[PDB]
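To start, the structure itself, in structure tokens.
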Amino acid sequence: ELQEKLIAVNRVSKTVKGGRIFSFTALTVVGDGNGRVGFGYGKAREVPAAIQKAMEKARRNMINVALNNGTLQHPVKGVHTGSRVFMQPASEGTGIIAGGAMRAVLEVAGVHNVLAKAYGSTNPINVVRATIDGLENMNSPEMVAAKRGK
RNA sequence: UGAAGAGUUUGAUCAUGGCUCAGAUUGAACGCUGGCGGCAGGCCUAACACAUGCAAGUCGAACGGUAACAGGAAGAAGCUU
């Protein structure tokens, strides 16, 4: 019962010698509703073939996000070249008021109380890369309680 | 419970990024309308000018007496006895 979505695309088609060339790309996210989120890229000679190749890569493992219960307990750094980025939990009761530019990557797991819109860049790639590569850097309750105990 | 951007300069992209944002809401105002109360507003643009009505009068119980009327009494009469 995994959930499977696009986010972004290119027009990617230029002049040459010689006439014009074109391509078909995709940036997609997948997840599993108990807490697991992931992401994958692709390309083809054709539209859905690129989406296919992209989602097939997105189906890889999916990071179990530290949720307790409907949303998550630390601002884990999504570190990139300035995105910064962080998200902010809301008090488990009001919705996913996140940036529609990157909301996908948390609605594929049904994370119901997290907000923050597109902080330092007007580009959905900038934040969607920044997040998954910094979500792997999360800590469990039992890990923050070893870090401040044993 | 505090936080969904996005049509262009491209011939395709990531940063620099004036602005329209999907209406903030005034001692705010206007056009073409006429089911409706209510709270509250009374000429910002020439502190320029003008009909007309008037913007503290009560009072004598406060020094010398006193005005039309409501009352009385004389003197004069009207015939109203």
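By convention in this document, the chains of the structure tokens carry letters A, B, ... by their order, each chain's residues are numbered from 1, and ligands are numbered from 1 in the order they are shown.
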task = Would you give me, as a ChimeraX atom specification, the residues of chain A that come within 10 Å of chain B, using only C-alpha atoms (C1' of nucleotides)?
result = /A:10-16,20-22,87-88,90-103,113,115-119,121-123,126
request  = Check region 14-144 of chain A with DSSP on the backbone and list each residue it calls alpha helix (DSSP H), as a ChimeraX atom specification.
outcome  = /A:47-58,104-107,124-135,141-144
Run DSSP on the backbone and grab whatever in chain A lands in strand (DSSP E); send it over as a PDB file with N, CA and C atoms, in the first residue's frame.
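The result, stored in part-v2.pdb:
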```
ATOM      1  N   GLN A   3       2.803   4.863  -1.128  1.00  0.00           N
ATOM      2  CA  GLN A   3       2.321   6.093  -1.743  1.00  0.00           C
ATOM      3  C   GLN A   3       3.356   6.721  -2.652  1.00  0.00           C
ATOM      4  N   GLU A   4       3.009   7.151  -3.868  1.00  0.00           N
ATOM      5  CA  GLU A   4       3.971   7.367  -4.975  1.00  0.00           C
ATOM      6  C   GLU A   4       3.693   8.642  -5.804  1.00  0.00           C
ATOM      7  N   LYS A   5       4.469   9.721  -5.580  1.00  0.00           N
ATOM      8  CA  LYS A   5       4.239  11.089  -6.109  1.00  0.00           C
ATOM      9  C   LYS A   5       5.428  11.789  -6.866  1.00  0.00           C
ATOM     10  N   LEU A   6       5.175  12.480  -7.992  1.00  0.00           N
ATOM     11  CA  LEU A   6       6.075  13.540  -8.525  1.00  0.00           C
ATOM     12  C   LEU A   6       6.206  14.768  -7.575  1.00  0.00           C
ATOM     13  N   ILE A   7       7.213  15.613  -7.816  1.00  0.00           N
ATOM     14  CA  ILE A   7       7.376  16.949  -7.234  1.00  0.00           C
ATOM     15  C   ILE A   7       7.779  17.943  -8.304  1.00  0.00           C
ATOM     16  N   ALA A   8       8.820  17.647  -9.091  1.00  0.00           N
ATOM     17  CA  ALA A   8       9.414  18.611 -10.033  1.00  0.00           C
ATOM     18  C   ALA A   8       9.787  18.056 -11.424  1.00  0.00           C
ATOM     19  N   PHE A  24      13.018  14.017 -21.316  1.00  0.00           N
ATOM     20  CA  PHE A  24      12.026  13.830 -20.247  1.00  0.00           C
ATOM     21  C   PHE A  24      12.629  13.340 -18.919  1.00  0.00           C
ATOM     22  N   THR A  25      12.481  14.137 -17.859  1.00  0.00           N
ATOM     23  CA  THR A  25      13.049  13.888 -16.522  1.00  0.00           C
ATOM     24  C   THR A  25      11.975  13.677 -15.445  1.00  0.00           C
ATOM     25  N   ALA A  26      12.382  13.277 -14.239  1.00  0.00           N
ATOM     26  CA  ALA A  26      11.476  13.353 -13.086  1.00  0.00           C
ATOM     27  C   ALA A  26      12.224  13.324 -11.756  1.00  0.00           C
ATOM     28  N   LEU A  27      11.663  14.023 -10.770  1.00  0.00           N
ATOM     29  CA  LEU A  27      12.027  13.965  -9.360  1.00  0.00           C
ATOM     30  C   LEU A  27      10.774  13.554  -8.577  1.00  0.00           C
ATOM     31  N   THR A  28      10.845  12.380  -7.963  1.00  0.00           N
ATOM     32  CA  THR A  28       9.717  11.729  -7.273  1.00  0.00           C
ATOM     33  C   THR A  28      10.032  11.275  -5.839  1.00  0.00           C
ATOM     34  N   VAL A  29       8.993  11.102  -5.007  1.00  0.00           N
ATOM     35  CA  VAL A  29       9.057  10.589  -3.610  1.00  0.00           C
ATOM     36  C   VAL A  29       8.064   9.471  -3.400  1.00  0.00           C
ATOM     37  N   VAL A  30       8.519   8.493  -2.613  1.00  0.00           N
ATOM     38  CA  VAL A  30       7.682   7.339  -2.183  1.00  0.00           C
ATOM     39  C   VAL A  30       7.633   7.183  -0.652  1.00  0.00           C
ATOM     40  N   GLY A  31       6.567   6.597  -0.054  1.00  0.00           N
ATOM     41  CA  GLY A  31       6.569   6.188   1.362  1.00  0.00           C
ATOM     42  C   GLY A  31       5.609   5.072   1.812  1.00  0.00           C
ATOM     43  N   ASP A  32       5.739   4.619   3.077  1.00  0.00           N
ATOM     44  CA  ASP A  32       4.988   3.540   3.763  1.00  0.00           C
ATOM     45  C   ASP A  32       4.376   4.103   5.082  1.00  0.00           C
ATOM     46  N   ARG A  36       7.696   5.731   7.147  1.00  0.00           N
ATOM     47  CA  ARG A  36       8.867   5.606   6.240  1.00  0.00           C
ATOM     48  C   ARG A  36       8.768   6.491   4.975  1.00  0.00           C
ATOM     49  N   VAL A  37       9.791   7.328   4.697  1.00  0.00           N
ATOM     50  CA  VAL A  37       9.885   8.310   3.557  1.00  0.00           C
ATOM     51  C   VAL A  37      11.141   8.128   2.683  1.00  0.00           C
ATOM     52  N   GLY A  38      11.040   8.349   1.371  1.00  0.00           N
ATOM     53  CA  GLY A  38      12.169   8.230   0.454  1.00  0.00           C
ATOM     54  C   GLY A  38      11.996   9.063  -0.814  1.00  0.00           C
ATOM     55  N   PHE A  39      13.038   9.075  -1.656  1.00  0.00           N
ATOM     56  CA  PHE A  39      13.157   9.951  -2.858  1.00  0.00           C
ATOM     57  C   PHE A  39      13.998   9.351  -3.997  1.00  0.00           C
ATOM     58  N   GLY A  40      13.663   9.627  -5.254  1.00  0.00           N
ATOM     59  CA  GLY A  40      14.423   9.094  -6.398  1.00  0.00           C
ATOM     60  C   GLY A  40      14.213   9.881  -7.697  1.00  0.00           C
ATOM     61  N   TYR A  41      15.258   9.990  -8.514  1.00  0.00           N
ATOM     62  CA  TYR A  41      15.360  10.651  -9.818  1.00  0.00           C
ATOM     63  C   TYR A  41      15.364   9.631 -10.982  1.00  0.00           C
ATOM     64  N   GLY A  42      15.007  10.108 -12.160  1.00  0.00           N
ATOM     65  CA  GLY A  42      15.065   9.359 -13.415  1.00  0.00           C
ATOM     66  C   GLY A  42      14.784  10.229 -14.630  1.00  0.00           C
ATOM     67  N   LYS A  43      14.914   9.578 -15.769  1.00  0.00           N
ATOM     68  CA  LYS A  43      14.949  10.093 -17.136  1.00  0.00           C
ATOM     69  C   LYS A  43      14.486   8.967 -18.052  1.00  0.00           C
ATOM     70  N   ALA A  44      13.957   9.226 -19.231  1.00  0.00           N
ATOM     71  CA  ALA A  44      13.778   8.266 -20.329  1.00  0.00           C
ATOM     72  C   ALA A  44      13.736   9.011 -21.681  1.00  0.00           C
ATOM     73  N   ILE A  63      13.657   5.865   5.035  1.00  0.00           N
ATOM     74  CA  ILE A  63      13.994   6.288   6.409  1.00  0.00           C
ATOM     75  C   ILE A  63      12.708   6.381   7.300  1.00  0.00           C
ATOM     76  N   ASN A  64      12.603   5.491   8.272  1.00  0.00           N
ATOM     77  CA  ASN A  64      11.707   5.541   9.432  1.00  0.00           C
ATOM     78  C   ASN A  64      11.962   6.904  10.181  1.00  0.00           C
ATOM     79  N   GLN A  88       9.522  22.914  11.521  1.00  0.00           N
ATOM     80  CA  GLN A  88       8.900  23.167  12.802  1.00  0.00           C
ATOM     81  C   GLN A  88       7.642  22.264  12.979  1.00  0.00           C
ATOM     82  N   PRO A  89       7.626  21.281  13.920  1.00  0.00           N
ATOM     83  CA  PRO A  89       6.390  20.561  14.359  1.00  0.00           C
ATOM     84  C   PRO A  89       5.301  21.578  14.756  1.00  0.00           C
ATOM     85  N   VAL A 114       3.272  19.067  10.945  1.00  0.00           N
ATOM     86  CA  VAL A 114       4.572  19.672  10.596  1.00  0.00           C
ATOM     87  C   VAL A 114       4.375  20.818   9.619  1.00  0.00           C
ATOM     88  N   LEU A 115       5.005  21.942   9.945  1.00  0.00           N
ATOM     89  CA  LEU A 115       4.996  23.150   9.149  1.00  0.00           C
ATOM     90  C   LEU A 115       6.388  23.793   9.061  1.00  0.00           C
TER      91      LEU A 115
END
```
message = Let me make sure I understand: among A:66, A:35, A:18, A:9, which one has the smallest atom-to-atom distance to residue 143 (chain A) if we use only C-alpha atoms?
response = A:66
